[PDB]
Amino acid sequence: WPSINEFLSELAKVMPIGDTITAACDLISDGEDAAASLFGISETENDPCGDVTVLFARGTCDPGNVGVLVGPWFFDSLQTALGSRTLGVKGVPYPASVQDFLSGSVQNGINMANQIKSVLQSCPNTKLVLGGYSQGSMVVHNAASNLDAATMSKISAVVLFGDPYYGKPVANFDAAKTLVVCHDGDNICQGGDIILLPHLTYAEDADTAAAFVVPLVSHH
């Protein structure tokens, strides 16, 4: 892994800042692929369920099903904090499109709700964690709004980075099991559409996010 500093330094070379998501989309995708290739970071995960399972919905225009900017770092920090307890990571296979970002990504939420329920069907003993970044945080919010209490009681923790709905709770869920990380100066957390540097640096919060999750996925 590069250090967090070398990673952020590469992001500052390749990521577009100050543009709207619409104008920046293709450069964001290309920039994330460049960083992923340079550092050997996977932008797609489809693991079987682990002892802990994370379902992660990526941000608008992110490549793959987890992107490079935040997801991979969160998964690495979580697995490190879990020790030998195996973490299975599943990306949420949705378009992460510009249009869905601007409309609210509701149907994607419904499909994620079915993805969640299907993990719980298949892996009744896993400790399930939901994660999101940017639009993916909207998808998690929408999934929770479309789910029943029994499903939601089976979710151990929710971590949202760069939440476009910042200030709204995760519906149907215990707020004490939710962590929302929105940087000061991230326009997306203000309901905006501009991609600024603070939107791109959530890898710095991976260790703190992992530490939030660990006590919520205990078997003791």
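Counting starts with 1 at the first residue shown.
When the header is checked for method, it gives X-ray crystallography, 1.1 Å.
Any Cβ shown, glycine's included, is placed from N, Cα and C.
Per Swiss-Prot, the features are as follows:
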- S134: active site, nucleophile (ACT_SITE)
- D186: active site (ACT_SITE)
- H199: active site, proton donor/acceptor (ACT_SITE)
- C25-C61: disulfide bond (DISULFID)
- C49-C123: disulfide bond (DISULFID)
- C182-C189: disulfide bond (DISULFID)
- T60: site 'Transition state stabilizer' (SITE)
- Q135: site 'Transition state stabilizer' (SITE)
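Straight from the PDB entry, the features:
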- 1-14: expression tag (SEQADV)
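Positions of Swiss-Prot features highlighted on the structure.
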{"residue": "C25", "record": "disulfide bond", "Cβ within 10 Å": "19"}
{"residue": "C49", "record": "disulfide bond", "Cβ within 10 Å": "19"}
{"residue": "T60", "record": "site 'Transition state stabilizer'", "Cβ within 10 Å": "29"}
{"residue": "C61", "record": "disulfide bond", "Cβ within 10 Å": "25"}
{"residue": "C123", "record": "disulfide bond", "Cβ within 10 Å": "16"}
{"residue": "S134", "record": "active site, nucleophile", "Cβ within 10 Å": "30"}
{"residue": "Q135", "record": "site 'Transition state stabilizer'", "Cβ within 10 Å": "29"}
{"residue": "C182", "record": "disulfide bond", "Cβ within 10 Å": "20"}
{"residue": "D186", "record": "active site", "Cβ within 10 Å": "25"}
{"residue": "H199", "record": "active site, proton donor/acceptor", "Cβ within 10 Å": "26"}
Tally of DSSP helical, extended and coil residues in the expression tag (1-14): 11 helix, 0 strand, 3 coil
Remote residues contacting the expression tag (1-14) - C-beta distance under 8 A, at least 6 residues beyond either end: 30-31, 34-35, 38-39, 41, 69, 73, 76, 197, 200-201, 203-204
When distances run from the Cα of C123 (disulfide bond) to each of the recorded positions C25, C182, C189, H199, the nearest one: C182
Cα-proximity to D186 (active site), 10 Å cut-off, over recorded positions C25, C49, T60, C61, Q135, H199: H199
Rounded to the nearest Å - Cα separation of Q135 (site 'Transition state stabilizer') and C189 (disulfide bond): 11
Integer Cα-Cα distance in angstrom, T60 (site 'Transition state stabilizer') to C25 (disulfide bond): 8
Rounded distance in angstrom between the Cα atoms of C49 (disulfide bond) and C61 (disulfide bond): 26
Neighbours of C182 (disulfide bond) among the recorded positions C25, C61, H199 (Cα to Cα, within 10 Å): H199
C189 (disulfide bond) CB neighbourhood, other CB atoms within 10 A: 24
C189 (disulfide bond): nearby recorded positions from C25, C61, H199, Cα cut-off 10 Å: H199
Inter-residue Cα distance where the pair is the residue listed as 'active site, nucleophile' and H199 (active site, proton donor/acceptor), in Å: 8
Inter-residue C-alpha distance, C25 (disulfide bond) and the residue listed as 'active site, nucleophile' (nearest angstrom): 13
Alpha-carbon distance [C61 (disulfide bond); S134 (active site, nucleophile)] in Å: 10
